[PDB]
Amino acid sequence: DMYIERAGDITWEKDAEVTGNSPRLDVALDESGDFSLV
Amino acid sequence: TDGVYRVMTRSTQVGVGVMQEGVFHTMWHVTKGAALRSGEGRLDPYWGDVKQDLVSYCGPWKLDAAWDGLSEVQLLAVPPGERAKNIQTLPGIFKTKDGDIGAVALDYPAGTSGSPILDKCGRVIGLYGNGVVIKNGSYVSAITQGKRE
Ligand SMILES: N=C(N)NCC[C@@H]1NC(=O)Cc2cccc(c2)CNC(=O)CNC(=O)[C@H](NC(=N)N)CCCCNC(=O)[C@H](CCCCN)NC1=O
């Protein structure tokens, strides 16, 4: 039994917490949908 | 109705998706392309692509907004057992032989897969959860978007 349940509205939040870097990565994508690092 | 939804198996949250224009959008690895229940109703898989890791239910892919390649974005993360929260970030880039894809360096549990990534207008520019693990064990997700035909 795989089912869905509503979890909220889709809305941009003003003045939000900002985190994470902006990595520049060389990757490959295979036919099964898997990304890998080159 | 339109909104963000948890995808559950009976319970465990295995992912998240977006309802827009009567179509439910999630990542293929969340459902393996199988049918879903919504209340007493059944959602049938209509379109999908394992290489993109995407699937849509009840109709074709509807999400057509694209990352502008410049601006900060928000992950509307819906982690298992936690309410939806917005996390703003400046994407990095997956550079591939077929072009660049925006990517977010944000790390959440596996069942957060399918959470939408948003532009400043609140449009869904892609779904979170298909990515790579970098050397230190942290995670980077593509901003995975389908084609609205
Ligand atoms: N080509 C390949 N297989 N790339 C795989 C990339 C990546 N898979 C992993 O992170 C597996 C993994 C690897 C090491 C350690 C852990 C998990 C333990 N972590 C957790 O148990 C919670 N966190 C985590 O699982 C990840 N964070 C982390 N630091 N490892 C964040 C997962 C976010 C949601 N996405 C997924 O679950 C997909 C499913 C598979 C889609 C395939 N097409 N997953 C991924 O993309």
Side-chain angles (χ1 to χ4, degrees), chain A residues 1-13 16 18-38, chain B residues 1-9 14 16-20 24 28-29 31 34-39 43 49-53 72 74 76 78 83-84 86-98 101 103-106 116 118-119 121-122 124 130-132 134 140 142:
Chain A
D1 180 25
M2 201 178 281
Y3 63 97
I4 66 174
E5 299 276 31
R6 204 173 178 279
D9 292 9
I10 298 171
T11 308
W12 174 273
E13 175 174 358
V18 184
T19 193
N21 65 320
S22 306
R24 301 272 304 282
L25 301 171
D26 297 318
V27 305
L29 174 62
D30 74 15
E31 297 303 298
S32 296
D34 292 337
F35 286 111
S36 58
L37 296 171
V38 176
Chain B
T1 65
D2 290 343
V4 65
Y5 288 68
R6 303 172 194 274
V7 184
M8 311 293 298
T9 61
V14 295
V16 180
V18 171
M19 192 76 76
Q20 184 179 305
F24 190 64
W28 183 90
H29 73 259
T31 67
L36 293 169
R37 177 169 69 78
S38 186
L43 310 188
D49 181 329
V50 293
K51 182 173 183 179
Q52 297 180 61
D53 193 17
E72 294 174 7
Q74 282 178 11
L76 182 60
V78 185
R83 78 168 172 267
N86 294 69
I87 311 295
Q88 188 158 326
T89 194
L90 179 70
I93 299 290
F94 280 0
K95 185 181 168 187
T96 82
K97 68 185 181 177
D98 294 312
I101 311 164
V104 296
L106 298 174
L118 310 182
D119 67 22
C121 291
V124 181
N130 196 24
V132 298
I134 63 171
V140 186

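Note: hydrogens, waters and symmetry copies are ignored here, and every other heavy atom, side chains too, is used. Residue numbers begin at 1 in each chain, while the letters A, B, ... track the order of the sequences.
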Kindly give the heavy-atom pair with the smallest separation between B:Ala105 and A:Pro23, and that separation in Å. CB-CD, 3.9 Å
Taking every heavy atom of B:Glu72 against every heavy atom of A:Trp12, the minimum-distance pair comes out as O-CH2, 3.9 Å
Hey, which of B:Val140, B:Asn130, B:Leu106 has the most heavy atom pairs under 4.5 Å with chain A? B:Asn130
Does atom NZ of B:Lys95 have more than 12 heavy-atom neighbours, drawn from other residues, nucleotides or ligands, at distances under 6.0 Å? no
For residues A:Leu25 and B:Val132, determine if any side-chain heavy atom of one lies less than 4.5 Å from a side-chain heavy atom of the other. yes
B:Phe94 CZ to A:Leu37 CG distance, which is reported to the nearest 0.5 Å: 8.0 Å
If I measure from the heavy atoms of chain A, does B:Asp49 come under 4.5 Å with its side chain, its backbone, both, or neither? neither
If I compare all heavy atoms of A:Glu13 with all of B:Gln88, which pair ends up nearest, and what's the gap? O-OE1, 4.4 Å
Got a sec, which residues hit side chain to side chain contact (heavy atoms under 4.5 Å, CB included) with A:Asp30, two or more places apart in sequence or on another chain? A:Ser32, A:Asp34
Counting distance only, does the side-chain N/O of B:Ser38 pair as donor-acceptor with the main-chain N or O of A:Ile4 below 3.5 Å? no
Supply the atom-to-atom distance B:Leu118 CG to A:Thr11 OG1, rounded to the nearest 0.5 angstrom. 8.5 Å
Report which part of B:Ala34 has an atom under 4.5 Å of a heavy atom belonging to chain A: side chain, backbone, both, or neither. neither
Hey, could you give me the CE/CE distance between B:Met8 and A:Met2, rounded to the nearest 0.5 Å? 10.5 Å
Can you tell me how far apart CE (B:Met19) and CD1 (A:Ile10) are? Round to the nearest 0.5 Å. 10.0 Å
Just verifying a value: how many Å separate A:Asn21 CG and B:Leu90 CG, rounded to the nearest 0.5 Å? 9.5 Å
What I'd like to find out is whether the side chain of A:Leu29 reaches to under 4.5 Å of the side chain of B:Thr96, using heavy atoms alone. no
Check: A:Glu5 side chain, B:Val7 main-chain N or O, donor-acceptor pair, under 3.5 Å: no
Part of B:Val124 lying under 4.5 Å from any heavy atom of chain A: side chain
For the atom pair CZ (A:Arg6) and CZ (B:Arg6), what is the distance rounded to the nearest 0.5 Å? 12.0 Å
Output the option from B:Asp53, B:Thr31, B:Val4, B:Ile101 having the highest count of non-hydrogen pairs under 4.5 Å with chain A. B:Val4
